[PDB]
Amino acid sequence: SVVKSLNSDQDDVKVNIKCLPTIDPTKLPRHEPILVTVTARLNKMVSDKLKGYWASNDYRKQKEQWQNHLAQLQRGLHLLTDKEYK
Amino acid sequence: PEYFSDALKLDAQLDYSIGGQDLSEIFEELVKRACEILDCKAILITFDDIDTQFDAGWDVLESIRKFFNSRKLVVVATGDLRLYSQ
Amino acid sequence: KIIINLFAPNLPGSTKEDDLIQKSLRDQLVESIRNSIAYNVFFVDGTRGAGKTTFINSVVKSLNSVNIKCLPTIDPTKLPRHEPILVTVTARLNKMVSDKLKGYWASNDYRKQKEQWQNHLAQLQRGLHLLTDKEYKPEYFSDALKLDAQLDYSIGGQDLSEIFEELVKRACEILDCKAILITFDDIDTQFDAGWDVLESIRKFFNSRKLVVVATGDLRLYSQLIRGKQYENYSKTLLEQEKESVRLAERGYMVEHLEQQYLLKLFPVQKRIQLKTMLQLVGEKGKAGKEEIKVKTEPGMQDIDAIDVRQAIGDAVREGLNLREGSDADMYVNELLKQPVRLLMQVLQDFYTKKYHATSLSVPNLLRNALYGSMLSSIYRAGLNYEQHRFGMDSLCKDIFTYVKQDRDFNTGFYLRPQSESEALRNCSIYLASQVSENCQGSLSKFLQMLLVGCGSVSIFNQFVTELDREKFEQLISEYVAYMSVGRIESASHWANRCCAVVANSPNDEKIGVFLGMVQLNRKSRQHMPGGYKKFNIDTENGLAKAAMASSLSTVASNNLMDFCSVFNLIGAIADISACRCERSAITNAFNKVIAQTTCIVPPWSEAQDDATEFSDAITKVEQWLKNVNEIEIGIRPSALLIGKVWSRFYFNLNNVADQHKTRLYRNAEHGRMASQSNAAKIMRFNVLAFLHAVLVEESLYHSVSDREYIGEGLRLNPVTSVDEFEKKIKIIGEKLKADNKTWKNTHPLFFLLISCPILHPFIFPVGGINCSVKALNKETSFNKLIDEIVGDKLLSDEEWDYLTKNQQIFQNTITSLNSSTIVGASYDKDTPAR
Amino acid sequence: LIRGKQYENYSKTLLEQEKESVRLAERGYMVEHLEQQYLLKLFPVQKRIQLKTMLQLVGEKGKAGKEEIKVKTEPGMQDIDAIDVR
Amino acid sequence: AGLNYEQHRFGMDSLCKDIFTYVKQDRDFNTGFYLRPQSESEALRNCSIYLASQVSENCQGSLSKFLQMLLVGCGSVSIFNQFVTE
Amino acid sequence: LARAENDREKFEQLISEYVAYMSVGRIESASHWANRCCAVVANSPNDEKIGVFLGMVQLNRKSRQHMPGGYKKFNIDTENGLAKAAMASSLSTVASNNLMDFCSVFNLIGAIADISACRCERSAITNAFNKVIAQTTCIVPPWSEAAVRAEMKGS
RNA sequence: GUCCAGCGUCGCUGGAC
Ligand SMILES: Nc1ncnc2c1ncn2[C@@H]1O[C@H](COP(=O)(O)OP(=O)(O)OP(=O)(O)O)[C@@H](O)[C@H]1O
């Protein structure tokens, strides 16, 4: 109920809340870090909104920068689940 | 981490609202397609008893909880509660 | 000057220079650090939530304003489970050097220092495999013997302890600082992570250019280091030698090794201790060396900030309905000893919910704060936890569990915080708040705890506990299931079952009088000495019959015993004064249990117009109820009050059942001598002991009042006579006359009880009156004073004169109760003459 | 979960040597103190919300509840002649 | 709660056990035949209401059906309490 | 009351109660200390059941019936000025089941301690001396067999 | 000095005259 009252705002005030889809730890596939699931669901909202732009110059600038941060995270994701240092 | 990039993938198939793999939704649309080919409202999955084992039941119980959730499936289990409760 | 507002995030990364608590300590340590470098490990310790992260963040910010450069603060908890500390420190040191290296201006210096620094950094990378290794691979022996002529390596081998020594020297030259400061954090979340930090400190960080500050608590490091010394013993030896003489000697070598290892790492003359809030603000009387004030509502300008101790008290005196005094100072002094993470946690919830509520039932705000804050302690105590079941049923069962785990029954039901276990010092203050809320602004609920909540504790401790820790728990599982502490129906039904338990224990010389009750004969005995006869219910006419037919009991033993209990009288008051609506309900409470319920023996038992009969009586209750419904709002009970009145009502009632047991002479009927005693005299004191108990404590511990009107004197108990009871009433009445204070407002609980129509017939029964020249002076004075307090004449002068000096029907006095005989008593003996 | 994970954070050998029933006294005490502080840090008390059943809103006799709930039983009555929830 | 959860096949004889099998679980034989929900468990406070509904339906509009349930179902909880103690 | 080797947790717990009741380590006045030690001495009356003790003798607060000699109640006011100054300091009261009076040399030692101070002045001595000659009551220790009845009656 | 009262199990304490 509070999700539908925050993702369906009338754009009344500048401060805004964007709600990710509900995450269920039980139904989530095991041996998968929560941080990975959150980023995957966060990607869909940003990627779909990136597709929704109208200014071609703005879309190309953000896509280059946003895709750069994801490539930085995956390099460090090895450090999250390891059994030894190297 | 080699499969992290695969989860963060945009698809033209149904434009999956939930990111990542999420095998629950992948199997869900498979049943919808099978109903169109078979021309039926729903498909029933019927399981037999586990009355001689205590490991066949656990995989049956877990699969029903996670995957077989759509309205196109009706499941008819079989057994006695004493084994399942234990 | 410290002002702590309650409307901020208050996180360690959200505090300003003014919100800091340990300002004096911070300035001492920072000065102390610079002394050591100019002319080597520090330590700041304290309990959990004492302000560890906040304090260490204050130090690092202050140093950035001899030059000492400080690395960003690190903690072992928020790190990879396998990453060595040396890698983490080096990586942060690289970032600081690189930024300063880009800030140079001379091309020659920057183009030369960078390779000199990079050469050292690349050398440490080669020897890193020596730390994360599993087994010595001998192919590195060849590469460990190529001793370079440069870098001036005094000792051969890899000697990684010296590679860091050279590295830090080069980094200090680039940054142009005399020393480098490293800050760690607490290992409270991750206990195991502290071992790697400790071992690295003693091995690598031994340079003169480094200073280290560590935060935690020595109570946890000791239990970690000592846990690591046992692995140094062979497993086979630990399992073979098991005799206690060797285990004791071995159990001391570990302890001594632990102290020496810790003492060589953190020097004692370097440690700093974080004082909790109690030591800063000081005591109530002895003003401390520093003061702390807080904000309460938004918009409060800094001038009118109240003291923290006063702020806690205003949430305790009003929250628990407890008068200001020594007891109030005890609760606040206990709350200060709590960790700062929890002290500031209750305040941010009570006051915030207070502002929005005001934009009341203040104890409802306090309970919701303490219950959430102390929540973990309730689960350990086994107490109740559910949210939509609060009420009478839970608290009566709830109060029995806390005393059960405290191993106390005498003072247990006072809900004092004077226990010894921490898990029970958090469930006492919360319980004191739970009762203060629930029995507030009502009289039916106030009498239920006094009869059930604070009563069931003492009954078990005196009549059932004299029957093996599994049997003691077996006994408890039966007493609860019989008395029905939970699943209770009514205070009247509780008294009937309580009558069976109290009557099970034997009495000396088989005399049928017990604690707060009298047993009357059911059959008739031939050749009765005197005018005694069988008790009959068809004697009293009106209110005398109503106020006495509601104080009976009936058990279902081999033969039925017909009891008569003052406890059953108390249940009728709380049952009647419950529903304000209708009028037929008053009739039901008089005859709801009398001839409908059978109470079987405990399982551990070793052995005229009918309408006008009560129409005058029923009305009297109705006009009395309107007085209750208009004044009961102003009463403010408390945990102390409902417990203290029960102590006086118990010991006083104990003496009555004992002293009046040897005075059953054959001249008891119509007896009015002091040494004489009968059923009427005994019960005249039981219901008067209850009234006396409420009067004494109300002037002592009650919120609505401001001080005590008893005055200096000795508080006694009317066990055999009533000489001093009105002496109290007369003395108190004088005080309110001088102070121009009305009687009803100052003592609301006493007023609604002394005016109760039900107790009026039992104040002056027939046999209870004493005839003597001195006794009549006190008895007459007693009658006069009660006339003024109630405002209605109890008994008329024409009727009164008959009772005192040797027919006539009565409507406000029991007539033939003294003539009734106690079963199990023989009246062969007569009254001694003296 | 938190209390259990605190016990798994001890040296196993120490838990077998020091069990003289007086050393164990501060073993249980120290775990609860660590566990209690852990819960407050994660979920502050002033950020907890509890659902309210309809009884604590309105229904108790003699008290004017802060809210009023109106229920209409017969089909198609007006929003003014409906009967109270109690 | 182990009562008779049958949708149909109802009668007075099946009701007698329901009264008796409920008081035994509540372990209160003095006031078991009142069916007033005063228990401390939520699983039983929701079954007394169902039982109190069946006694009204079965005994409404008859005399033999009234004496039989009182004599048999209601009395057995009291007589048995005279021989449990021994 | 409880030996050491019988219980090493009951013995230590007694020390925790003893320091709080006896106010050692947080003292405020030497005289108050001497008033407290009077009560703890009487907690174990000798088998002979006499009012004489280690350093104190218990006077009788209420006159008895038959005195074989010329004996009477104490009657504090009978003495003279200087005598009353010393005697009033000696006098002490302990709140028990029934009030009892005590006179111990410890109070005299405590009396000298409070008087002995620097910066002597006429007003300072007058107020301090008047504080020395005062009547104070001390509750029995919490470990006494009658630590609850003396709480009901009050001072 | 005397009467009344209360705590302990005779002793003990309060009040009045
Ligand atoms: N000086 C202070 N002024 C105001 N609030 C303070 C102060 N010190 C501590 N607090 C309060 O106490 C808590 C801070 O505790 P802190 O995080 O420092 O303790 P810790 O448990 O040792 O640290 P860590 O979070 O690293 O485990 C917060 O709730 C904060 O509001």
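Residues numbered from 1 in each chain as written, not as in the entry; some residues may be left out. Chains lettered and ligands numbered in written order. Part of a larger assembly, values for the part shown. Heavy atoms only, no water. Residues with missing side-chain atoms left out of burial classes, pairs and counts.

Undergrad: Talk me through the overall build of chain B; I want residue IDs and the actual numbers.
TA: Within chain B, the secondary structure is distributed over 4 helices and 2 strands. In chain B, the succession of helices and strands from N to C terminus is α-α-β-α-β-α. Relative to a compact globule of 86 residues, whose C-alpha radius of gyration would be 12 Å, chain B shows 17 Å and is clearly more extended. With the C-alpha coordinates of chain B rotated into their principal frame, the extents come out at 45 × 40 × 15 Å. (Helix = DSSP H or I, 4+ residues; strand = E, 2+ residues; numbered from the N terminus. Rg over C-alpha atoms; globule rule 2.2 N^0.38 Å.)

Undergrad: Explain the interface of chain C and chain E to me, and be specific about the residues and the numbers.
TA: Each side of the interface is counted separately: chain C has 6 residues, and chain E has 11 residues. Across the chain C/chain E interface, buried area totals approximately 970 Å², and carbon plus sulfur atoms make up 33% of it. When the area that chain C buries against chain E is broken down by residue, the three leading residues are C:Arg389, C:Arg487 and C:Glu489, summing to 60%. In this structure, the connection of chain C to chain E is made through 4 salt bridges. For the interface between chain C and chain E, the tally reads 6 residue pairs in polar contact. Considering only residue class, the side of chain C that touches chain E consists of 1 nonpolar, 1 polar and 4 charged. (Contact = heavy atoms within 4.5 Å. Buried area = accessible area lost by both parts, 1.4 Å probe. Salt bridge = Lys/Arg side-chain N within 4 Å of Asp/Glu carboxyl O. Polar contact = N/O pair within 3.5 Å; in protein donor to acceptor, adjacent residues only side chain to side chain. Nonpolar A, V, L, I, M, F, W, Y, C, P; charged D, E, K, R; others polar.)

Undergrad: Describe the pairing of strand β5 (residues 210–216) of chain C, naming the residues involved and giving the relevant values.
TA: All names here are of chain C. Burial runs high along β5: 7 of the 7 residues are buried. The alternating pattern of β5 places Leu210, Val212, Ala214 and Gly216 on one face and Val211, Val213 and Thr215 on the opposite face, and all of these are buried. Where strand β2 (residues 41–45) meets β5, 5 bridges bridge the pair, whose relative direction is parallel. Pairing of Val41 across the sheet is with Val212, part of β5. Inspection of the sheet shows strand β4 (residues 179–183) paired to β5 by 4 bridges, in the parallel sense. Each bridged residue has a counterpart across the sheet, and for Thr183 the counterpart in β5 is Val213. (Buried < 20%, exposed > 50% of the residue type's maximum accessible area, 1.4 Å probe, protein only. Pairing = 2+ DSSP bridges.)

Undergrad: Let's hear about the interface of chain C and chain D: which residues, and what values?
TA: Between chain C and chain D, the residue contacts involve 32 residues of the former and 25 residues of the latter. Between chain C and chain D lies a buried interface of about 2800 Å² when both sides are counted; carbon and sulfur atoms form 53% of it. On the chain C side of the contact with chain D, C:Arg48, C:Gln223 and C:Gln345 bury the most area, a combined 20% of that side's loss. If you look at where chain C meets chain D, you find 1 salt bridge. Between C:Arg380 and D:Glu32 there is a salt bridge, and its shortest N-O distance comes to 3.7 Å. Scanning the region where chain C abuts chain D turns up 10 residue pairs in polar contact. The set of elements that each furnish at least two residues to the side of chain C that touches chain D consists of α8 (218–229), α14 (340–358), α15 (362–373), α16 (375–381) and α18 (422–438) of chain C. The residue makeup of the side of chain C that touches chain D, split by class, is 8 nonpolar, 14 polar and 10 charged.

Undergrad: Help me get a handle on the sheet that holds strand β4 (residues 137–139) of chain F, residues and values and all.
TA: Residue and element names in this part refer to chain F. Here 4 strands make up an open sheet; going across it, the order is β1-β3-β2-β4 and the pairing mixed. Looking along the sheet, the strands with just one partner apiece sit at the ends: β1 (56–57) and β4. Pairing analysis gives 4 bridges linking strand β2 (residues 91–95) to strand β3 (residues 100–104), with the strands arranged antiparallel. Note on β3: the bridge partner recorded for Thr93 is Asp101. Set on the sheet, helix α3 (residues 81–90) makes contact with β2 and β3; between it and β2 the angle comes to about 25°. (Axes fitted to C-alpha atoms, helices over the stretch in contact; angles between N-to-C directions.)

Undergrad: I'd like a description of the packing of aromatic side chains, backed by residues and values.
TA: Residue and element names in this part refer to chain C. Taken as a whole and judged by the stated rule, the model has 34 aromatic pairs over all chains. Considering the side-chain rings of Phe350 and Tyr351, the 5.8 Å spacing of their centres and the 45° angle between planes classify their relative orientation as tilted. A residue is classified by how much of its surface remains accessible, and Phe350, at 1% relative accessible area, is buried. Assessed through its relative accessible area of 7%, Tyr351 is described here as buried. Taking the centre distance of 4.6 Å and the plane angle of 25° together, the rings of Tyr532 and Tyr827 count as stacked. By way of ring pairs, the aromatic residues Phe567, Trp646, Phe649, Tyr650 and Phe690 are connected into one cluster. The ring centre of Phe42 lies 5.2 Å from the NZ or CZ of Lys270, which sits over that ring. For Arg497, the ring lying beneath its charged end belongs to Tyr482, and the centroid distance is 5.0 Å. (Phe/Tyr/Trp six-rings, centres within 6.5 Å; stacked < 30°, edge-to-face > 60°. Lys NZ or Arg CZ within 6 Å of the ring centre and 35° of its normal.)

Undergrad: I'd like to hear about the environment of C:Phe685, residue by residue, with values.
TA: All names here are of chain C. Inspection of the secondary structure assignment puts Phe685 in helix α28 (residues 679–698). When the C-alpha atoms of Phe685 and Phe751 are compared, they prove to be 19 Å apart, with 66 residues separating the residues in sequence. Beyond its immediate sequence surroundings of up to four residues, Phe685 is in contact with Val656, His660, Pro718, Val719, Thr720, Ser721 and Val722.

Undergrad: Could you give an account of the packing of helix α4 (residues 107–126) of chain C against helix α6 (residues 160–175) of chain C, with specific residues and numbers?
TA: The description of two packed helices rests on the angle between their axes and on the distance between the axes. All names here are of chain C. Remark: α4 packs on α6, axes separated minimally by 10 Å, with the N-to-C direction vectors making an angle of 155°. For the element pair α4 / α6, the angle class is roughly antiparallel. Our pair here, α4 against α6, has a crossing hand that is left-handed. Note on element contacts: α6 touches α4 through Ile163, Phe164, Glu166, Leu167, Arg170, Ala171 and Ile174, opposite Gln113, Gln116, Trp117, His120, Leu121, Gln123 and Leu124. When grouped by side-chain class, the residues that make up the contact of α4 with α6 number 8 nonpolar, 4 polar and 2 charged. (Parallel < 35°, antiparallel > 145°, perpendicular 65-115°, else oblique. Left-handed = near helix turned anticlockwise from the far one by under 90°.)

Undergrad: Could you give an account of the protein's contact with RNA strand G, with specific residues and numbers?
TA: C:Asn655, C:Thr720, C:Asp723, F:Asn60 and F:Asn98 are the nearest of the 19 residues found near RNA strand G. For RNA strand G, the fraction of protein-proximal atoms (within 4 Å) that sit in sugar or phosphate groups is 78%. Here F:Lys62 contributes a side-chain N or O atom positioned 3.3 Å from a base nitrogen of RNA strand G. Across the surface near RNA strand G, the residue classes tally to 4 nonpolar, 9 polar and 6 charged. (Near = heavy atom within 4 Å.)

Undergrad: Please give an account of the environment of F:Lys153 that cites residues and values.
TA: By the element assignment, F:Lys153 lies in helix α6 (residues 149–153). For F:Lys153 and F:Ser96, which are 57 residues apart along the polypeptide, the C-alpha to C-alpha distance reads 9.0 Å. In contact with F:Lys153, not counting residues within four places along its chain, are C:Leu714, C:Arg715, F:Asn97 and F:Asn98. In terms of polar contacts, F:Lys153 uses its side chain to reach the side chain of F:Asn98, at 3.1 Å.

Undergrad: Kindly report on the nonpolar core, identifying the contributing residues and their values.
TA: What tends to happen in soluble globular proteins is that the nonpolar side chains get buried as a cluster. Residue and element names in this part refer to chain C. In terms of nonpolar packing, the biggest core is built from 183 residues, with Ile292 and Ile576 touching the most fellow members. If you tally residues by element for this core, the top one is α28, at 12 residues. Once you skip the residues sitting within four places of it in the chain, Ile292 turns out to touch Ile2, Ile4, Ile21, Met277, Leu280, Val281, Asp307 and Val308. Ranked by size, the runner-up nonpolar core spans 51 residues in total, among them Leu71, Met96, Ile201 and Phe205. (Core = buried A, V, L, I, M, F, W, Y, C linked by side-chain atoms within 4.5 Å.)

Undergrad: Describe the site of the ligand, naming the residues involved and giving the relevant values.
TA: Residues and elements named next belong to chain C. Looking at the ligand, there are 13 residues lining it, with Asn10, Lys52, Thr53, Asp186 and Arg341 nearest. Contact between the ligand and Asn10: an oxygen atom at 2.6 Å from a main-chain N or O atom of the residue. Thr54 places a main-chain nitrogen or oxygen 3.3 Å from an oxygen atom of the ligand. Relative to its unbound accessible surface of 630 Å², the ligand loses 89% to contact with the protein. The leading source of residues in the shell around the ligand is helix α2 (residues 52–63), at 3 residues. Residue classes in the shell around the ligand are distributed as 3 nonpolar, 5 polar and 5 charged. (Areas by Shrake-Rupley, 256 points an atom, 1.4 Å probe, with all protein chains shown as cover.)

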